[PDB]
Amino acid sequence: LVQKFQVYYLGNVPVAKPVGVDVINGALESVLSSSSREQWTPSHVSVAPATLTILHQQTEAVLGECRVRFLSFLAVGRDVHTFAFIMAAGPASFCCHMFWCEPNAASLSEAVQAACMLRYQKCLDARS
């Protein structure tokens, strides 16, 4: 059920806004300008209904865990390999998680979108 994607985890940075392609592009270029593919942490991203887990490539040790309910934005970068999403870690705290994917990041972004679309809503019939 849960599917895992082989990625380079580029880390997470604080950002100024919860939404925007401008924000995730600037965040990615912060990582790409001072570190190469060799410095990035190879791992897996498991897209579960409630959580995204950044999880090591064979050992299965957790690098980070993000609840889908706090996800505020996601986008593939101007580079088709790069992918990022922003977590609303509170009222003014925003965090941007970044990834590099081979062959590209389209499959991983769609899995995170499906995770954000098929949510359980709380429902109540109040009729007589």
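The first residue of the sequence shown is number 1, and the count goes up from there.
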| property | result |
| --- | --- |
| Mean C-alpha temperature factor, higher of 44-52 and 69-77 | 44-52 |
| Greater mean Cα temperature factor according to the PDB record, 114-122 or 101-109 | 101-109 |
| Third of the chain, ranked by Cα B-factor, where residue 82 sits | lowest |
| B-factor third for the C-alpha atom of residue 32 within its chain | middle |
